[PDB]
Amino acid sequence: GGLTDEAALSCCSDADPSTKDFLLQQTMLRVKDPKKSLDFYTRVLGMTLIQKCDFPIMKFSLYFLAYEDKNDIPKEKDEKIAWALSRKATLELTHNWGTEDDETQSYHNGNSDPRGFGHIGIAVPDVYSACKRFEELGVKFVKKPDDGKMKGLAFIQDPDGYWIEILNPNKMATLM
């Protein structure tokens, strides 16, 4: 039954100095329809589209979303790429051209065989106010705030059905 705190921490090395400037920059998800996905992440969740890359040979596009003030995005192309790819906590959406037109195609959300990735998670000031608004907007839920044993935590789904955790960090010390 799992590692104790002490045992887990025994498994943790200090950071080599060579890694001291490393940052966790992106999480990449493939999206069926980038129009729907852009609309959800910006209008529903209040992210900003900070960069778009197209690769006509490989027939895909990349869309980088972040919680960033659009007024901070550099105007010049090279500058813009360097800035967006050095932001922490970006969402990279990959659009393989032609999926949005293919009724037989969908992506897998990791939460059923074969499992792996589970979710991204958004910290909000208030899970119940955020979720009321998501409800007014027609968002699909996996788990409402008062559903289940883990009250005060929610899961919604994006247009591909990827799961997104809605957590309030300042309430969460009544859970462990």
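Note that the rigid core is defined as the largest set of C-alphas that superpose within 1.5 Å between two forms. Residue numbers run from 1 along the displayed sequence.
Please indicate which stretch deviates more in 7 other deposited structures of this protein: 5-13 or 154-162, judged by C-alpha RMS distance after a core superposition? So, of the two stretches, the farther one in 7 other deposited structures of this protein is 5-13.
Of 32-40 and 136-144, which one has the bigger average CA B-factor? Per the PDB record, 136-144.
Which of 71-79 and 86-94 has higher mean CA B factor, as the PDB entry lists it: It is 71-79.
According to the deposited entry, which of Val127, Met150, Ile122, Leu65 has the largest Cα B-factor? Among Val127, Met150, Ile122, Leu65, the highest C-alpha B-factor in the entry belongs to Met150.
Once the chain's modelled residues are ordered by C-alpha B factor and cut into thirds, is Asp21 in the lowest, middle or highest one? According to the entry, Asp21 has a C-alpha B-factor in the chain's middle third.
Chain-relative CA temperature factor third for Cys12: Ranked within chain, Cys12 CA B lands in the middle tercile.
Comparing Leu49 with the other modelled residues of its chain, is its CA B-factor in the lowest, middle or highest third? It belongs to the lowest third of the chain when residues are ordered by C-alpha B-factor.
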